[PDB]
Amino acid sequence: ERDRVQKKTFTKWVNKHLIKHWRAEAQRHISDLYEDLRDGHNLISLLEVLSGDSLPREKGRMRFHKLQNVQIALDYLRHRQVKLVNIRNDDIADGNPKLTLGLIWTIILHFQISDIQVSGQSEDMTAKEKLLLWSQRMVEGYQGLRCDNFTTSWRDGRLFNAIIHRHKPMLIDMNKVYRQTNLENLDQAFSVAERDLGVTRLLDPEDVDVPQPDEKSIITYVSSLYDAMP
């Protein structure tokens, strides 16, 4: 299901950032997203690295120290005009999945997805509508591949390869692309983007070759491409 994939994707995204913390003790790794954010420490760390700001933190063990640290993170975001539609400290401290996923998505949008500007876009297209237009424009010439959406259109790997073939034309062979299975095409795309473009592998080939790829995870990964070659 799309939610286990989303947890998955979100977890790697958060970890990529955690380990670049400037402070050693904060350089942590999450195993389960629905446990390892509860105490608020990694949420605060994640906001520290993404913003470069130094945030207060509460050291102890206690239940209400978890709450305090979540509140510091939520308060940070609210002070930056992020609409936390309604989340309490509790939701995160208790490990609620929907809201924990929602909070991470909100952070991904705010910090990563929302700077997407492309030339000749419309005024009130969304930031996802703007990414889409970029993706389309990135493959305008390749022979009858559409990008219509951030799900089914990505399933066979063609889009990703075609995108990477725009400055590593040398590293991928689009011909083999139209001969390869979905899985081969995904692995390759994702392994090329890591080695030669500096793009962390957020998705597994298995997560994407399914009838309905999870829209947020695909957007997270494709945003990451955009960041490497706009």
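Residue numbers run from 1 along the displayed sequence.
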For the higher mean C-alpha B factor in the entry, choose 45-53 or 157-165. 157-165
Tell me which stretch has the larger mean Cα B-factor in this entry, 105-113 or 127-135. 127-135
Pick out which of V85, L99, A93, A73 has the highest C-alpha B-factor in the PDB entry. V85
Split into thirds by Cα B-factor across the chain's modelled residues, where does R63 land: lowest, middle or highest? highest
Assert third(CA B-factor, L37) within chain per record equals lowest
Going by the entry, which third of its chain does the Cα temperature factor of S31 land in? middle
Looking at the entry's B-factor column for C-alpha atoms only, identify whether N69 ranks in the lowest, middle or highest third of its chain. lowest
